[PDB]
Every structure is written in C-alpha cells, then in structure tokens.
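This document opens with one chain alone, in structure tokens, the form deposited in one PDB entry.
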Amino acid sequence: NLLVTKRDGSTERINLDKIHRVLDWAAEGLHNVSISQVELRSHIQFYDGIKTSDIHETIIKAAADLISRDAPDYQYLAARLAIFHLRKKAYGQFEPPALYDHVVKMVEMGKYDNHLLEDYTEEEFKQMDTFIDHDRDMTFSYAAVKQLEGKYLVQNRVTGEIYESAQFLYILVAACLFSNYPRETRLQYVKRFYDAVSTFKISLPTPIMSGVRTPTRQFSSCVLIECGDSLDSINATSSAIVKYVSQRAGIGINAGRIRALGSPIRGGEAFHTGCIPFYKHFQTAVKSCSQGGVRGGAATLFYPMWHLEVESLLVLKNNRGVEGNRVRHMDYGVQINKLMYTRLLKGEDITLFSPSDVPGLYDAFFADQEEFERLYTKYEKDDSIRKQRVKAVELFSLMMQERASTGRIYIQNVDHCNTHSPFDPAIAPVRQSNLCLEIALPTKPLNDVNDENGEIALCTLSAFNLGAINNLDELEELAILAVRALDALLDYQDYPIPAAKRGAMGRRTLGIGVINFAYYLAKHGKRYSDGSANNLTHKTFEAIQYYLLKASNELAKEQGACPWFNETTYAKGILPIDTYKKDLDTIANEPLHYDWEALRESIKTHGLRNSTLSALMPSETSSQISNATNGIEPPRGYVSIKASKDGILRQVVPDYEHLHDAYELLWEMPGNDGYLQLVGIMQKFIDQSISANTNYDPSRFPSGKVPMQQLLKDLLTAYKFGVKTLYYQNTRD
C-alpha cells in the first residue's frame, strides 16, 4: 500500500517484484548469496514516498554489508547493483549509447578533448564500439566500483553527476595513447590495449585513469629534484617543487649537497646557518598548495649518512623537540654504502664531513666505491679538514630508532644503486630516489627554475597483474602494450619545467611493476617466509624484465632509441644479469629461461627506446580496481575493512574460497628474512628499485619491544642480498 516516487516525480504502488528483478540480474552466476536476505534488510528501511534512487542506494548498501568470508560473492552483487545505478546516472538507461554519439556529446560539454574527433573518423568510432564489451562492467568487485565512481569516471565535481562508464574510460584511454599510430596498426593496437586493461591484465596509474581523454595534460605524479649547494639552486629547487605539487606530484628531493652549519662562504665573508632552515623552506614549498594536512603535498628528502649534520637530521620527525629543530611533514632517506656498514660490523667509528670540505668525496660516494674509500681515509687523516667522529653503532642505532618510531626514515644503499644499474655512474649516477623509494634515476641540479642544463627525473608508471595471467609468456604481448602506451604518453603529457622535459625526452624512463604478487604465490602454493617462493620469483621476474626489454628493444628498431641511450650500461652491452649481487646465488638456483645473449646483441645493435623499464611501486589505489593484493605486499587480513564517506567498504582477497590456507597474512610471518630474500631476487632483474617494507610485531618479542639487534640484523640482511632501498617500517599496534 506504500507509494514510491519515480525519478520524474510520479508516484507508483510499491512493487517488490521490480526490486527482485533487479536483484536477480546482479545475482546471476553468483554463489552463496541470498536475494531474500538482501530484501529482508532493505525492505524494512522503506517509507511512503521514498525515492527510487534511494531504494537503489539501499539495496547496494545491504549487499555491501553482507560481504564476508562465508559469502565473498556479495562483493559482486553489490558492485553490479552500483554499476546498474551508475548507468542510469550517466545514460538515463542501462544500455550505453553508441560510442561516437557519446564522444560527440562529451566533447561538446567540454569533458572530453576535441582531438579525439580530429584523430578518428565517425567510421573508426563505429569500429571501436565493436571492441567494447560493456558486460565487463559486471566483473568489478564493490571496492573497485567505488574507486571508479570516486576517482576515475569523468564526472561533475560540483553536482556529482557521472558522465561515463568504465568501458568508455578504457576504450578512450586506449584511443588517445595510440592516436598517433599509423592506420595500418592503430585500431589493432587500440583493441589489444583495451582488452588488456578492461580484463585487468595491465593496471594503470590514477592520473592516467582519470585524465587521458580529458582536456588535461597533467599526468606526472613522480618527480625527482636534485638541489645544488647555492642560493640560486635552492631557489630553483623550491620553485620547481611548488609547480609540481600544485599538479599533485610526489617529490623526491636530494639536499645532501647543501654544506653544513658553520661552513665558510666565499672564503669567510659569511658562514652557513645550517641545512635545516633550507629544509623548512622545502617543506613549505611542498605544502604550499595544501589545506590542512590530510593528504597534501608529499616529499622525501635525501642526504648521506656521513653528512656533518646527520645526527640533527635524523631526528627531524619525532614529536619531541621544539619547532626550531624539527621538520616533521616530510620523510627522509638516509644514503648508505659498504664502508658505512663495514664500520658498523667492525664496531669502529664513522667520520662526519661537510661535503664542501671534502673534494671528490660526494661524487665518489655514488659512482666509485674504491675512490670513496681512498678519499674518505685520506680526509680522515687530515687534521686541517673539519670533521666529527661518532661510533658507527650509535649512529646506526639512532637512525633505526627514528625509523622505528616514525616508520618514515628510509634507507638508500647508493652503491647497490650504481653498481647494479641501467646507468653509467661516471656519466649519469643515481644519487637519490622518489617519494616511495622505487624510482632510481639520474638528476642534475638547476641554477634557475628554467635552467636547461639541469635535469629533473620523471617516471611514468604501470603494473602487470600477476593474478590475471595464465602463463608467463603472456607477458610478451602485455609488455609490448604497456611499453608502447607509456612511451606514447611521454610525448602526450605536458612539462611545466624545462629540466623535467629534458630528462623525460632524453631518457624516456618507464617504471612498470606488479600487483597481486601475494595471490600469485598462494596460487602456486608458495609462501613469503620459508624461501619456497625464491625460485618461482626468479622465474617470474626474469620473464618480466626480459619481455619488457624485448618490447623496448623492438620499439627502438621502429622509432629509434632514446637520445641519451649512450649513457646507459645497456649501450655498452651490459645486462642486469651481469651485475647483480652475487650473494643471490646462495638462495636461488632457478636457471635463466630466455635467450639473454640474443637480446644483448639486439640491444647493442638497435638500442632501447627507454633507459629504464621496471620498478616495483606500492600501488594501493590501482590494485583495488583489479581486486588485487597490493603490489608485492602480503595482505593484512582475508577481508579488509575501510571506513569511508559512503560507509564501510569490505574487500576480500582474490579466491579466498579456495586459497584461505594458501595465503600467508602479514602478521602470520615469523620475520622479515623470507620477504627480503624475495625482494633481493626481484631486484636482480628490476631496473630501478622496490618499495620494500619491513614489518614488526612487538608481541612476538620479550618485553613487548623490538630490540635494536633485530632491526640492525634485518638491515644488513637486505644489504647482503642487494636490496637498494627500504621504504616503510610497519609496526603492529
């Protein structure tokens, strides 16, 4: 007897059968889901005159609430109901319009870029429409759909109106990235790429998902800036930061060159007032376009362990101290090499220098370990040179102490970053990383914001979904698609700063990683902690790097190698399999399955389109679209619960039904050794670095406190197996 209100404002007798019919549609093919249960929970919330839209939101939430381990398929029931609603919001009906008509409408509204209509004829759009399978919208999980609705689908940010659906996003991202291709291969490339992303084999970054097809050209999310030891450079660095955080890019700042407090300037006309005031200026630059502090501008700043002010720098994040000696809203990366670790093991001292007082020492720190030790010991014995001694154990302990309590004091092993690298350290050394410590690229300081002699490193990201591929040879096709799409994006996107354009156009660096690694391991019955996954990992990441290189090599044949290819180790016939940390042989015996020697000569002859290709990023948001486990990290639980604006979102690990015992949750792990070994094995093939976490449960330790001995042990274990960087330290509460 109740009445419902239709969208037009008409009223109708309540019809539970209509709701039932919709529930039947979403429930198709699903198991262990109850339509009546959803009906039971939903109906009780109905009142006379309720909006049909509110009815729809009710049944979405009801199904979403029922997502559990016992009935994981509710994640698809809820998702599909939400898809049904999104269709209605965008098209006024379930079935999407013809592609060309949609594009024309959206260009007219100013939501799509007009160049789509310039680069493709109406007939070509008709063809592309035949590629699309809108039913692939029914394969998203509920968390995926919410991220779509929230971050990716083109919408009105004011009114909230949704203007598109997922497959239109996918097909037009494909269409844009391959628009400049010849007609002989263009639409063939579009279809193949569309299939790859819409069936979740290739995962794309947020700025691409939300931007590519729209009038924007801001797609850079990853920026690396090196600051020189001068006022002009500090200003330039600050300016560069401001422009890029205004475009929401994450920043990696190298400030290790800045001379220490008290150092003479121009021979003594003035004296340096310390690094920290300049660090503060970088922080306000990073936070310049942020309101409040929840998820604003983000940066990681890098400095060497032997820096004269290092004891002051290590404590910049802890909640104690006064405002004057604290710079809390950035993260930090301490740069370490073999000599530092040597002093630690020997229980000797570490000498601290200002880089301005030790000629050639800073450069050698990154490019030449033999020369560094020569210079370091030479300067250690010189009394004319300003210095300070600290016990290596005390210094390392202080560092790890702050890493533990804040979780955001990172490590960069700079020797590993240059002895095992795609770059010639004598010409293009790697002297820093990025915000999340997976990017490792060459940089050059600016003397002006528009200095054409400076080099700001950028990197375009993506990931392979290890859970969606049937066999490792599928990566051949996928690498071709990924590399070619990202490489085209380099020419597509805009560059607000000349030094950044130089790096991107000069080196054409890419960073392609993985997601669903944990699921991948459980699938094959392997685990993180017992070394059972070592050989599989070796096999898996050999395939990844080989096919990436093969794709970039063939891209180089077709369109030419990157302008600065000559500065790479690849150009000199060197491959990652030549320069890896030899200790890896003791923990993995999987043989090489691909013809690297044929590749070596093919790279020698034709070069690479891209200087780097692989990097393992955290990828927390993009993973949710594929319902994948996050990057290479193990899941914290079988079902994750996250509070949000639209309520509580539950997400189940892939194939929990059959793999619950096969999974190894994070806190089920004995320690960090097994994981660190896997990371080391990955790093054997990875061009750049890996966002590696360390994890600790205080409950597993006496007195409920993690001892320093263990922290130092794990640090050294990572270094032993060639791990380049260390990201988060997670401590279970």
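Just so we're on the same page, rigid core means the largest C-alpha set that superposes within 1.5 Å between forms. When you see a residue number, it is the position in the sequence shown, counting from 1.
Heads up, the form deposited in another entry isn't pictured, but that's what we're talking about next.
- request: Considering only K582, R295, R183, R320, single out the residue whose C-alpha is displaced by at least 2 Å between the shown form and the other one after superposing the rigid core.
  value: Result of the comparison: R295.
query: Would you say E12 moves between the shown form and the other one, meaning its CA shifts by 2 Å or more once the core is fitted?
result: Yes, the C-alpha position differs by at least 2 Å between the shown form and the other one.
Relative Cα spacing, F278 and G293, in the other entry - shift of 3 Å or more: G293 and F278 sit closer together in the other entry.
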